[PDB]
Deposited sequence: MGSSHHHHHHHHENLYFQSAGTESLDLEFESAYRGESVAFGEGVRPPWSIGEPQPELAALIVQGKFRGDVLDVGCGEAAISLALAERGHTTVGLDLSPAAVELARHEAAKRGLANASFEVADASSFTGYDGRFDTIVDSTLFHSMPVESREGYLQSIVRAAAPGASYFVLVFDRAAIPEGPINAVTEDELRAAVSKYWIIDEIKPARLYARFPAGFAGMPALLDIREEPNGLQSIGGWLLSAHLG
């Protein structure tokens, strides 16, 4: 019912498959299209490869994660790179304040399914409160067709639309790939999940890419 210990352990190295050392490809694709604007919030940032990429491009970025190990790793990576633009804080995405009207772009790179269904309303009210007028919002989340009921709260397209449309104006929801480097034999033989083998030793699982804004 709570993943806090699991995420803390995965970041402490007791490396996470989703820590691919680059922003998620579906989200990098939006960055090159010029969709990321002004001050950015990387919500449930983890090791924050997307925050680092945006800070290198000139954005002032803030990454929030419930995991103190994730925050420390994100801060350690920004310091190795000599980034002054990127900051990180330990926070619960479902219930945080102190950033009223701050951000022009809010990105959720796989945080969405990493919290309980019941926490979604608190999370959506928190990020809207943290949004500047006319802010953009991007979500990359697992598809319920690929990830079953259990520790991960993956969504159907209709479920994602219903949840987010209450708070933001949705521009697009389209199928997407979530990339990771899984260990050999991950999820068994035969495999209990549909894991696609990708070029450059990567794997991917089915998901959704949502694009929204305030207007």
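- The deposited sequence has C-alpha coordinates everywhere except the stretches 1-22, 37-44.
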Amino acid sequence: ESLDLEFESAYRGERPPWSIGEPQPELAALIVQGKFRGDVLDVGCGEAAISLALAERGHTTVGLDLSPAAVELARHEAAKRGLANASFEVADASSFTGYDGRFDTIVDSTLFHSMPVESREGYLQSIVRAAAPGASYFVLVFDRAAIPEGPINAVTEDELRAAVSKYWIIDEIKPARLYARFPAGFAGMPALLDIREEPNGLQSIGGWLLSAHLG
From here on, numbers count along this sequence of modelled residues.
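- The records show that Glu14 is omitted from the coordinate set of at least a third of the other eligible entries of this protein.
- 100-108 and 82-90 differ in mean CA B-factor, and the higher of the two is recorded for 82-90.
- For the pair 128-136 and 111-119, the mean B factor over Cα atoms is greater in 128-136.
- Of the residues listed, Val155, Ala184, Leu52, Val40, the entry assigns the biggest Cα temperature factor to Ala184.
- When the C-alpha B-factors of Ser19, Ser204, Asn200, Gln24 are read from the PDB record, the largest value belongs to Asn200.
- Among all modelled residues in its chain, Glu47 ranks in the lowest third by Cα B-factor.
- In the deposited entry, the Cα temperature factor of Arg75 places it in the middle third of its chain's modelled residues.
- Among the modelled residues of the chain, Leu209 sits in the lowest third by CA temperature factor in this PDB entry.
- Ranked against the other modelled residues of its chain, the C-alpha B-factor of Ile173 as given in the entry falls in the middle third.
- For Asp65, the recorded CA B-factor ranks within the lowest third of the chain. Only modelled residues enter the ranking.
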